[PDB]
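One structure is given here, and the rest of the page talks about it.
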Amino acid sequence: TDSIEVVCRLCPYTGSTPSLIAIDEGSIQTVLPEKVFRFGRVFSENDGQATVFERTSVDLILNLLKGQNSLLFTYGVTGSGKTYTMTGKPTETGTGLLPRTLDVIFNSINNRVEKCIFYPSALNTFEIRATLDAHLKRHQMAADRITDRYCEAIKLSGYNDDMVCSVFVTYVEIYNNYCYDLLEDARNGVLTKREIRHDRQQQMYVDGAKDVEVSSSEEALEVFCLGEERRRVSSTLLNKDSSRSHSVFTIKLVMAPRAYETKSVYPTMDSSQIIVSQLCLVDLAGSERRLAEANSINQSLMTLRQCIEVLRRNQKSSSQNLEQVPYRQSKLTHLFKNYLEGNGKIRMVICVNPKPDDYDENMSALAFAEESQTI
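Residues 25 to 57, 70 to 181, 188 to 331, 341 to 426 in the authors' numbering are what the sequence shown lists, from first letter to last.
Okay, here's the thing in structure tokens:
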């Protein structure tokens, strides 16, 4: 089955004294400047972005097309390649998981409709306008609302051509046990704290977070960059590092049965027929991390560790006699309650720096390993 997988990626290191070395392409050995860790896959400095992306994201996108949910974390110290893995630089050798994922999603879906047909509604739902109403909304929206960049050409199969679809993104930040919508229409010049809660389907969501409709990989990246502008607003109004907070970018594939007897591509009007699947990409705060800020980060990452360990034991246990996931011990873990209770697919990418300076911090990062062996 599709249990949680943890993979590890070494960043480039031009030194003679490494704190860890890759062995089996699925194993890593500790090196004092005494433990061996086993992962589902180990990437070396030679493994480029394209290799990571296919091994890390293609099966999650295939999940998305199947109407199932997926969750991907990047974990590690600052300067570990965590942001490089996730986003990188918009070049052929530099682009990370997120833009390639957006590219492949938009390459692989069919029957993508125009905007304002689907639209977000109360309590984490979507409704459906009639076409002429949506048409004016588009021209109402267009009153509101230069990338030379590498683009992934990969097209995956598996989209349900009996479904019509639209793509919505939410971009959310968890900083100091408070949750913020980086896509909020901020009026006061301050981001509003947001509540993490469930809907009637028991699915977690951010109450007042904005679901932004995007028609292309390009448009989705424009929205992502807008969120990055908000993400850089520190408490002291300086530049806040991505290591200081958790960033949650959720790609939603909103689907509905295609309507017959029309020359257009349009859903059936019954909104209860809507199916929504998620691919959620999370760029965790740096594991090395303003005192309450660092305590929230270590509390949340420690809760995450405990939760995936409970998740692993539950995946081997029976229907009864399975143990509670302590997901309420942090805001971050609460937001992914469904995944940590075994719904959907979770993949964690442990980014580690082989430099001997990051030795002790790699010991905590490699503790996420599926299993461990001692010298």
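Even for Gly, the Cβ is constructed at its ideal location relative to N, Cα and C.
Counterpart residues of residue i in DSSP-defined beta bridges
i, result
"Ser319", "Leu295"
"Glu215", "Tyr222, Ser289"
"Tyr155", "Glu163"
"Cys32", "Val78, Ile401"
"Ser106", "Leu321, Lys396"
"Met205", "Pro299"
"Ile45", "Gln53"
"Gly39", "DSSP output for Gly39 lists no bridge partner at all."
"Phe73", "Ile52, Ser423"
Burial state of residue i (16 or more Cβ within 10 Å)
i, result
"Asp139", "buried"
"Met177", "exposed"
"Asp180", "exposed"
"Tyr308", "buried"
"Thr425", "exposed"
"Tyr302", "exposed"
"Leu280", "exposed"
"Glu194", "buried"
"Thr41", "exposed"
"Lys305", "exposed"
"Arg379", "exposed"
"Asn404", "buried"
"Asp325", "buried"
"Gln244", "exposed"
"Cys402", "buried"
Inter-residue CB distance, residue i and residue j (contact presumed, cutoff 8 Å)
i, j, result
"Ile196", "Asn143", "6 Å"
"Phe291", "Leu323", "5 Å"
"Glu150", "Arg174", "6 Å"
"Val113", "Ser329", "6 Å"
Short Cβ contact (8 Å threshold) for residue i with residue j
i, j, result
"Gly132", "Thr123", "yes"
"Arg229", "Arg286", "no"
"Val31", "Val400", "yes"
"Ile28", "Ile359", "yes"
"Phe210", "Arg136", "no"
"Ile397", "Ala298", "no"
Chain B within 8 Å of residue i, Cβ atoms only
i, result
"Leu355", "Among the chains of the structure shown, chain B does not appear; only one protein chain is present."
Next item on the list: May I have a chain-ordered list of the beta strand (DSSP E) segments no shorter than 3 residues that lie completely inside the region 237-314?
Entry: As far as the region 237-314 is concerned, its whole beta strand (DSSP E) runs of at least 3 residues are 238-240, 246-248, 254-256, 288-299.
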